[PDB]
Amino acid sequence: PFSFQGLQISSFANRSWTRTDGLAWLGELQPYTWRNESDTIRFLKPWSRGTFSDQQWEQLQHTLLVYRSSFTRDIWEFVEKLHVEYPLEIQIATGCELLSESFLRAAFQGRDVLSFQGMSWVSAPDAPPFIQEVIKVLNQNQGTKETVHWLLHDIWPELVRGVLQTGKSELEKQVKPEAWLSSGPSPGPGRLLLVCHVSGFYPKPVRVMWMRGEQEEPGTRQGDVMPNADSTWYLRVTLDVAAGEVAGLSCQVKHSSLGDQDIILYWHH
């Protein structure tokens, strides 16, 4: 269920200012970052090292390091030689799900631009003209293609397998939410807005519903499940209803960490 995903955010304001930061997710936990300032990556968890040896890590580090410098330099040169205008935003996403299926995709100015299929750089169907020049120059550099192939097929999979093993317990922890009710702003005339907050739950899948006893209430509006600093979640669920009908409404929370024992909160007055 838990996918691995490596993310890069590169920005070039002008020819003088640039920054590149990276991070990675395993399922919904973040094991690494690589800030622009750092010459090395942060292991954000005690299992972040997986089963990878020190020499293995050092190698991977160095590879990523050379890549970061080379990448920057190459963009600047593609910009001059192709007269593309600042600012630039480039995003890259790699990763794999073990079935094992790796990808490496890239966006430019917020839109899918190219990716790495098989042993080749392939332009996205929708890409601007000039990236055909990029793809061309890129598909010439054989060593890079070999290093990318090797990363996607040799390294990602072996890595993901190891950190899944060492992160197994923290990855599949169950954390019980706390929950509460409140009266939101009036949505109109004689209409009331009942709000049910659920916060502190992990993992992310959760069913939260308004109810009359056992009858699920539609008109229940889901909010977006949003994060907490401690990597648990928050969800806000509302209901629009008339002041007379306030009778015997309950919010009910289903979560994996609760088993079959749901949390029920009642409205009183």
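Numbers for residues come from their place in the sequence shown, where the first is 1.
The stretch of deposited sequence separating residue 99 from residue 100 contains 4 to 9 residues lacking coordinates in this entry. Across the two stretches, 179-187 and 84-92, the PDB entry reports the greater mean Cα temperature factor for 179-187. According to the PDB record, 122-130 carries the higher mean C-alpha B-factor of the two stretches 122-130 and 70-78. The PDB entry assigns the greatest CA B-factor among 65, 26, 206, 241 to 241. Remark: of 232, 220, 38, 48, 220 shows the highest value [criterion: C-alpha B-factor in the PDB entry].
Placement of the Cα temperature factor of residue 43 within the chain: middle third of the modelled residues, per the deposited record. Per the deposited record, the Cα B-factor of residue 251 falls in the middle third when ranked against the other modelled residues of its chain.
When the CA B factors of the chain's modelled residues are split into thirds, the value for residue 60 lands in the middle one. When the modelled residues of the chain are ordered by C-alpha B-factor, residue 14 sits in the middle third. The PDB entry assigns residue 161 a C-alpha temperature factor belonging to the highest third of its chain's modelled residues.
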